[PDB]
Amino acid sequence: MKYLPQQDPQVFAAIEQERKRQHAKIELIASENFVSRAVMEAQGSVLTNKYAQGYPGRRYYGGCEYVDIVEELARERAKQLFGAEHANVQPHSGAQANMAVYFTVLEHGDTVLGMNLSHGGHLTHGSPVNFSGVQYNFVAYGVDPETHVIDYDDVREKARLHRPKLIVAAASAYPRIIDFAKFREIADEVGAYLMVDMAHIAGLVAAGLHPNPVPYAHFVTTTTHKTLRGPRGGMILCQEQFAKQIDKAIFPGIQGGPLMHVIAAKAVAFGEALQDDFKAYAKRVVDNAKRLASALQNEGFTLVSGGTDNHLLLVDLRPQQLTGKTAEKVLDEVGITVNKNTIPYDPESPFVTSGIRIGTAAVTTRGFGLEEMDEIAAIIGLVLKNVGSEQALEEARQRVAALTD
């Protein structure tokens, strides 16, 4: 940075702290990642100066000839990456991508079937404090209480009883592969649309390491950040038949002018994801998640679903007589960043929980491999089995510093 340090010492100082924090800590929050310097440069471009409401070749304002090229690069690269017939790259966030799909197919008060929020469903999948649960009538399907795998017979019974206009599949804390074919079969039985929110797994889908929901869903939403390792923002993929309605839902429906500089960064991140290197990266993410899961089990931890098929895992802490809140706090003390997370059928409230969620995308981006997973699990065991020992916590602190070098 050149101009910020002189213009605004206060903002520059805080950013510099954050930069250094990102390096010093072990980032295990499953939704986190680190974007490339190219992606950041695109976001720090003069493209922020352009109003481009509308779509390429169909803009409200003139002067859009070049931002049109940028948006089309993002749309075309997205379509290659995911095999979708249409992309909308304007959503400001994953929330707004979901909002727009809901706006497209639902009237106020319509019934929607989504994943139980305590079992892995997202906030935007019907929380009563979120627009989704206020605007629409959300009903929930659950996971098996023993296997913690989605109970597809429950999805079906809930669909057949409640007759949703829309079925939502996908999750923010589900460690197994989701069967989109079964979701579509259920949707078809009850004549519901199927929306898949792949925000967490989008990078793994892109790399062929999770089944693609595109051929099964009418609508696919995602964040461009998370496993996809793009800038912070949203995207919608859909069949050609909904393209016009979806585009209209985004603008003039729910947003105004798009963030053209962010859309540029999305294009960059999509270019990166189309490369062989990114597929190698994504395999290491899943490989690291499995290794970390196995190593945590070796420490004596119980894992929700008995392990992982993707980038993330949930530790059920009940055997250690710990809340997610306590674990989160003590790990923060040694420089390891997790979040407390409800486990399925959690006896605790969402503000306390019986679990922590852990994902490997961020540490894999930093170059961590299988040996590092073994060490991270070993540190977690040390900390969580010795919560009252400052000697154990200092030892962990030093081992964390050794990993971040």
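Residue indices: 1-based, along the sequence shown.
For the pair 213-221 and 238-246, the mean Cα B-factor is higher in 238-246.
The PDB entry records a higher mean C-alpha B factor for 342-350 than for its counterpart among 26-34 and 342-350. As recorded in the entry, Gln80 carries the highest CA temperature factor of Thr227, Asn88, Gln80, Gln96. Among the modelled residues of its chain, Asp332 has a C-alpha B-factor that falls in the lowest third according to the deposited record. Per-chain ranking of the deposited C-alpha B factor places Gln321 in the highest third. In the deposited entry, the Cα temperature factor of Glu65 sits in the middle third of values across the chain's modelled residues. Split the chain's modelled residues into thirds by C-alpha temperature factor. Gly256 is in the lowest one. For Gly54, the recorded CA B-factor ranks within the middle third of the chain. Only modelled residues enter the ranking.
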